[PDB]
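# Observations on the three-dimensional arrangement
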Amino acid sequence: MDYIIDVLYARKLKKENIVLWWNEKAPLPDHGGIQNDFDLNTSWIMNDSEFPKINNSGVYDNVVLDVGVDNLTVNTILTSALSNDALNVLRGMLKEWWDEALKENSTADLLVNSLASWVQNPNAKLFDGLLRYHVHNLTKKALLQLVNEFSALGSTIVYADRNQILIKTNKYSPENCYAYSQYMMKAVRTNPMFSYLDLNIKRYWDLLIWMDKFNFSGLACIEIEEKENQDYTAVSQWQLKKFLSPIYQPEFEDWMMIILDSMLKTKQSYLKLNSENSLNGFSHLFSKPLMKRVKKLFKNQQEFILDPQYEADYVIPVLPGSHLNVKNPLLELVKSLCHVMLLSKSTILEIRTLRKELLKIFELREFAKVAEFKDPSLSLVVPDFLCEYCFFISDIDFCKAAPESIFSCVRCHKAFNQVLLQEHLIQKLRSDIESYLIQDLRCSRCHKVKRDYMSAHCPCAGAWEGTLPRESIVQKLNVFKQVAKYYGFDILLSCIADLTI
Amino acid sequence: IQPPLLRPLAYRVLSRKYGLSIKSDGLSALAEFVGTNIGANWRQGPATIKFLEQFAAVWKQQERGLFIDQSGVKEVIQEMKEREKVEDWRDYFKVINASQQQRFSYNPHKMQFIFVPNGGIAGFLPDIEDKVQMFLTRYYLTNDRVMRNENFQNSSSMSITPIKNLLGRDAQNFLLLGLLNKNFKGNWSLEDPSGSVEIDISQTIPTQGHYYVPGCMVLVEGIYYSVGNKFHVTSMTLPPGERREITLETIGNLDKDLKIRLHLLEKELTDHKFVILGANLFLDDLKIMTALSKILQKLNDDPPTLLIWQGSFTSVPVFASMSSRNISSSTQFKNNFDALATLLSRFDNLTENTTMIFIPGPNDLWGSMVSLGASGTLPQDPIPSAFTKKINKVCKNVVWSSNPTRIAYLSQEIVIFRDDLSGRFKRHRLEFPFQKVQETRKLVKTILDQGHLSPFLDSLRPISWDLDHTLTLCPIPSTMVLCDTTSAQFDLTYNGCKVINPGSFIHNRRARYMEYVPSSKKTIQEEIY
Amino acid sequence: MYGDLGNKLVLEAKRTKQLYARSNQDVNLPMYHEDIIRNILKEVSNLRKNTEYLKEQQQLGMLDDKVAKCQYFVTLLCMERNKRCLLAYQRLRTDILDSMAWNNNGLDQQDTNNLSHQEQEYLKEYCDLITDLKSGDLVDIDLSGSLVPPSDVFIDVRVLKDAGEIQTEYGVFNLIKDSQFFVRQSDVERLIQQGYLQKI
Amino acid sequence: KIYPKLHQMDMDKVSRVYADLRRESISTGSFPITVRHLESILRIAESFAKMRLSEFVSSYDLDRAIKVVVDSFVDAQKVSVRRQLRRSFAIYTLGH
Amino acid sequence: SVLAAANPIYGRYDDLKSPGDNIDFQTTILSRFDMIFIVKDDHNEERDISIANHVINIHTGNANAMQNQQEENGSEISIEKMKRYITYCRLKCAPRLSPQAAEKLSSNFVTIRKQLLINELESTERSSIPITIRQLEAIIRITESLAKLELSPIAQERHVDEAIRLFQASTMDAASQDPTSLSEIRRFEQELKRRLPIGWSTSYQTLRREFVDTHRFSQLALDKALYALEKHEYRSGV
Ligand SMILES: [Zn+2]
Ligand SMILES: [Zn+2]
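Residues numbered from 1 in each chain as written, not as in the entry; some residues may be left out. Chains lettered and ligands numbered in written order. Part of a larger assembly, values for the part shown. Heavy atoms only, no water. Residues with missing side-chain atoms left out of burial classes, pairs and counts.

This entry, as listed in the PDB, derives from cryo-EM and reports a resolution of 4.52 Å.

Structure (structure tokens):
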């Protein structure tokens, strides 16, 4: 119904002295006469329209996945009211719709929900690239203000998705804090002049081992909040654990349950003592079983290797995320274990002790780059992807998310069609290609920008370095090809075939 | 067959003649060749001599006795012999994409240093050197054509003065050649490899024969006023162009008897029809579909030797749709391309001994994804090969090429490009404080004399850095096809070269395609509906 | 002053010929100095332009041949000097070309970049002519035959580089790396021409 | 008679060591760290190996040399940063 | 040809300090010796790692040998006969050192002179005594440095002398940007940015607004502004 949004906005503008920019022939906004002028700003507004994500990988005593605010675009544009003329007209229309969005027909609510999509939909006319970019920037400042507001509270934002916001509380306080957490987040949301953000804090994690969206060990989600009494089983996608060899995957998962149980037990021990030191005790607790099972597994691998039946299972499945060397996949297992352990800052010394023990188990230098993990993510993401049925706005990560996760969005059961997925992926890819074609050079010593079309080396002593060349764009093209083998993607296949030529 | 007997024979034939080394294995090769000679090996001597001469001419390598590469040498020899016992128009007129044309770079030592374009996934992406050298190459071609033209004017006329040498003296007058652009101070700046100077647009008379837009080279005369630091140019003249024949004779023979033979053949050639439908053909409209069907019926009577399909094949821009209407816009774009292939093949004389050339447009995808209504980079991206399917098999003569398409004509040269450059000129025509036919003549003079197809700043329109050689008017074709929907349709000849403007497919209410006879050197336009 | 440009050119040419001559071995032909060549080309064109001005000069008022014709004759002297300098340089170039042709194409700067086109086909056709001399009559002797008197036909030679077997007139011979081989002089000479043999 | 030789060595261990050395001289209590300091560490390793009396340097003896040098550096720092720096280098200290 | 050895002040170069404090030597001596050069703090912990690798490699005999032979076969080519060649080729210096220079130098010499004028433009208030004589030592420097570069091993004088003069220009600019040196322009860009986010509009519109399209501010004051801003504010990374 974004065309209805177009006709209503046209009616609203016709009321004012300014006149609509609607143009059926070209869905691009029709401002002035050109409607087609191209410059650096023209590509600037359409591109980089992705929600920035803040991630702090760690393990914490009391973590809450929190409310998980939705439809932040309309909330932000309403809160902005607390070019400028079009902004004021749109703010008045949005306030009118919000008044209609409350205690009225469901059509008003649907129109309010789809207004955000219309603001970003190129197919819908009266769509301005400046409008989309400015709404994106407003959402950026909204996330910044939310972060600042959370900063005042004695809690740290360990993750930020702009769809779900993740904060852990510094204090080791028990169950009563969860009710106190609800009271404090009520107090937090009451303070600013907003009312459109999602309430009902949810999915608190009594323990969380935060790596990324897909690797975590959150426990005891939203409930009567008894602090692990009704312990929800640790939800753990493990997009890296899937990467692993199918035989080493159960071992890694079993040991991460063992690790989780050990840290939990040390957590009750520390809580009883008080009536991350708990993690520090946990480290010494699981050190002996870890080291004993490591060599055991290494000793087994000594004969396990060179077995045609075993090597068929031992081969690491080829996944779009990683390009690391094989490096004895069992060694990959212990390196991944180190990485997931390295989150706890206090235990990092004990983690170093365990690494020294392991390099005694298998010969290797105490500190080594080869011993370093350097896990590749290779996340291919379309900025601010939307599901027309659900109207939710969220970046969709094709490589990292599960095969059905790309297909079906989390909010509503409706599944994304493949054609739009390929269209958006190719959109980002080539848009980056022209960006590569329209960059501005940067010097070596002075580091100025290429204000000169006839430069031939900087007027500074240094030459023009540059920012982002072709080679890793080509490897990204190779990742696109790998996805194309993974997912049919005939439009993507055609795009790849064209790009090769 | 009997190597040792051939051993001294082959030694005499090869080693004594050329000092060439033959292995036992290649000598065995010659042995089975003698075996293939059913007759006794007497005239194999001359045969082996011709073998040696061909090997020396082609391979130019030691160790001929390979029997592997030597086997290929034997195959080439028998092909040549078969050609010995047995003792064009389609070879020329080839359609080349933007990247197909060989790259050329200016060099003071060698007037045009040979370069190479790029069909590689890594190769097609331009480089930092490509960034600097596209600008530098425009300037160098401008400088060399200007110095040749100034030699022509007077041993030469007034000479340009290095921007750096300008400011050294305040009140002195100088000749300049540089690229005009807006200075970040706010003034109009003329920029060359030596530097850049802000230009006082006052007291400046333009040359009425040429357009003038930012991002163009220019020959100017005036005072600099080093205290004022802005060049008080008096007279402003676009850099004079050079005729294709004059450019060739200045740069020497490059790829006379062959050219004159091809010219005679083309003059012998008759009724070769070059048909251009016109700008912005739309496959969506049914009335336009019927008009195009009637046009194809007309072309069925005489299949044109050239057919041009213009940009914006679809009526409205095609692009990604997250709010899909259960069917992607790209799917309609594909179906529109698939359609009319049967219509082309339905008419039997049509699409037989014919060629259809397609030009991308802003409404076309890969040119609408970059910018829905607008066009993207200056060398426009052709449609995906997937959208080319079943129309390439139904119609064998359809050619999918980028917007800067060229034809390597045997007696002439034809450059095909579609854009609304007239609108860009009009919105960028400069005012100097100091008619359609006339303005088209001025546009033609501007395009030819400036020596670039689209002399515009890369910021205004993205230009392929490694492909900038094509965007420069290095060849100066005798005939150049430039389709401007905005501009009035016309055909004009300038500096010994003809410029043809197909214009819109339908001017006001009637379909209209051109027809051109290269031998007759005249363009005719018909009307339908 | 006009020949001074030619003077620098001929000094450069004498430097090149000294460089080649001092080394008995082959010297790769240096880059063709077409910069100076073209400079002299413009000078001679403008020299011709000034000669035309002398003709028109007279047609107008420089009718004092004693003076005007003297000036024209002087111009003639300058242009002849330039021409003779260019002839000397080009002849020296061609002598180098013939030397290299005999030493490489006849005895068997491979790159032509140092060489201009005209002289490229010149040297190619000169090699063809050499072959023609080899062709037909005098085929019995090698037109580019070794100018050293033959010492001994049978000599032992160690293989410089391993290149497998190479067929001789009658005897099989494998070029096994560093293998002594005591045979007639023709084969060893021709392989020295390719350099696959050594140490005599 | 004894001349221990660095035939075996830990390149990247020393690399990370000098890396940590960096962005610490920014401290007001921290003196600049230079290449000659690294050469000093190397010669301290040589002195340790000579002290071990083996004709071949030992990797772990070289590790104790690293430990001694880094401890000297830490002592050179201001006590305020000294604690933060000692925690930072604790990832190196345990290996000795 | 004297090669100096002076650690300017307090040991370190102290580029972020006034050149008079930095250069204990009198600037007249600097001009008369005609050369200027800087060693600064590299930082670049990755490059520091690589330097450590190189130093240990040359330090450990087993690695030392392979770098030694690698340098010898291609580059280090018997340093003694490098000295022999240097003697022979300084005998080859003397014959001629500006055949190819003349035409290009006729422009580039006055070019570099103009960039020196640019430098005094950034160094208004004279930036004290040290910066004034640098232009004269530089104009003599070009003349002596073309001969220094010899035309390279052969006939490559101007094309590289341009880069070398650029290197020297920025060398002095690291000390001639201010009389605290870079610290003063850093303070300038800070007292600039103290309004840019909170006020001073955004996106060049404010620059089109204040001082009537900043025209009076543009020629000198705004240029000084951007020269300070640029350091703190698709070809190399990806
Ligand atoms: Zn949905
Ligand atoms: Zn610079």
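Moving on from the model shown.
It is worth spelling out the packing of aromatic side chains at this point. Scanning the entire structure with this criterion turns up 49 aromatic pairs over all chains. For the ring pair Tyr172 of chain A and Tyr270 of chain A, a centre distance of 5.3 Å and an interplane angle of 85° mean the geometry is edge-to-face. Taken together, the residues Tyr172 of chain A in the loop between β5 (165-169) and α7 (176-190) and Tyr270 of chain A in helix α9 (residues 248-274) connect sequence positions 98 residues apart. Overall, the relative accessible area of 33% leaves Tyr172 of chain A in the partly exposed class. One aromatic cluster is present, built from ring pairs that chain together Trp309, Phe313, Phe333, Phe337, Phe358, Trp366, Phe387 and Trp400 of chain B. Over the face of the ring belonging to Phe367 of chain A we find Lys13 of chain D, whose NZ or CZ atom lies 5.7 Å from the ring centre. (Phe/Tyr/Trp six-rings, centres within 6.5 Å; stacked < 30°, edge-to-face > 60°. Helix = DSSP H or I, 4+ residues; strand = E, 2+ residues; numbered from the N terminus. Buried < 20%, exposed > 50% of the residue type's maximum accessible area, 1.4 Å probe, protein only. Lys NZ or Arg CZ within 6 Å of the ring centre and 35° of its normal.)

The subject of this paragraph is the sheet that holds strand β14 (residues 414-418) of chain B. Residues and elements named next belong to chain B. A sheet is described by the order of its strands in space; here 6 strands give the open sequence β1-β13-β14-β15-β17-β16, paired in mixed fashion. Every other strand in the sheet has two partners, leaving β1 (94-96) and β16 (490-494) as the edge strands with one partner each. Adjacent strand axes in the sheet meet at a mean angle of 20° when their direction is disregarded. Both β16 and strand β17 (residues 497-501) contribute to a ladder of 5 bridges, which runs antiparallel. Its bridge partner being in β17, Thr493 is matched across the sheet by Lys498. (Pairing = 2+ DSSP bridges. Axes fitted to C-alpha atoms, helices over the stretch in contact; angles between N-to-C directions.)

Of all hydrophobic cores here, the largest spans 76 residues; its most connected members are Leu492 of chain A together with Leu277, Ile295, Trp309, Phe337, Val398 and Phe505 of chain B. Those residues in contact with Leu492 of chain A that sit more than four places away from it in its chain are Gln422, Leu425, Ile426, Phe480 and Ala484 of chain A. Counting 38 residues, the second largest nonpolar core, distinct from the first, contains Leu177, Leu453, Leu482 and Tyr494 of chain B. (Core = buried A, V, L, I, M, F, W, Y, C linked by side-chain atoms within 4.5 Å. Contact = heavy atoms within 4.5 Å.)

Residues and elements named next belong to chain D. Contact geometry of helix α3 (residues 59-76) with helix α4 (residues 79-93) gives a least axis separation of 10 Å together with a crossing angle of 170°. Compared by their axis directions, α3 and α4 come out roughly antiparallel. Facing α3, whose interface residues are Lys67, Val70, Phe73, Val74 and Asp75, α4 presents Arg82, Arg86, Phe89 and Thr93. Considered class by class, the residues forming the contact of α3 with α4 number 4 nonpolar, 1 polar and 4 charged. (Parallel < 35°, antiparallel > 145°, perpendicular 65-115°, else oblique. Nonpolar A, V, L, I, M, F, W, Y, C, P; charged D, E, K, R; others polar.)

Residues and elements named next belong to chain A. Looking at the zinc ion (ligand 2), the protein donor atoms are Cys443 (SG), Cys446 (SG), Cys458 (SG) and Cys460 (SG), and they sit 2.3 to 2.4 Å from it. If you look at the zinc ion (ligand 2), its 4 donor atoms make angles of 103 to 131° with each other, and the shape they trace is tetrahedral. Here the donor residues for the zinc ion (ligand 2) map to a single chain with the spacing C-x2-C-x11-C-x1-C. Highlighted residues: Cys443 in the loop between α15 (418-437) and α16 (470-486) and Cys460 in the loop between α15 and α16, separated in sequence by 17 residues. As far as the burial class goes, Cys443 and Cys460 line up, both buried. (Donors = N, O, S within 2.8 Å, 3.2 Å for Na, K, Ca; no water. Tetrahedral: all angles 85-135°; square planar, octahedral: opposite > 155°, others 65-115°.)

Turning our eyes to something else, we now look at the coordination of the zinc ion (ligand 1). Residues and elements named next belong to chain A. For the zinc ion (ligand 1), the full set of protein donor atoms is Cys387 (SG), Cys390 (SG), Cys409 (SG) and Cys412 (SG), at a range of 2.3 Å. Metal-centred angles of 103 to 113° between the 4 donor atoms at the zinc ion (ligand 1) mark the site as tetrahedral. The sequence pattern formed by the donor residues of the zinc ion (ligand 1) is C-x2-C-x18-C-x2-C. Of the two residues, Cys387 is situated in the loop between β8 (381-386) and β9 (393-397) and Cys409 in the loop between α14 (403-407) and α15; the sequence distance between them amounts to 22 residues. Using a relative accessible area of 0% as the deciding quantity, one classes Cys387 as buried.

Here we come to the interface of chain B and chain A. Listed as interface residues are 49 residues of chain B and, on the opposing side, 47 residues of chain A. Looking at the side of chain B that touches chain A, the element that brings in the most residues is helix α5 (residues 128-153) of chain B, giving 6 residues. Residues that form the side of chain B that touches chain A fall into these classes: 27 nonpolar, 16 polar and 6 charged.

Residue and element names in this part refer to chain E. Positive phi, normally seen in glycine, also occurs at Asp14, with a value near 60°. Of note in the backbone geometry, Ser127 takes a positive phi value of approximately 45° without being a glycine. Tracing the backbone through its elements, the reader meets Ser127 in the loop between α6 (101-122) and α7 (129-132). A relative accessible area of 2% means that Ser127 is categorised as buried.

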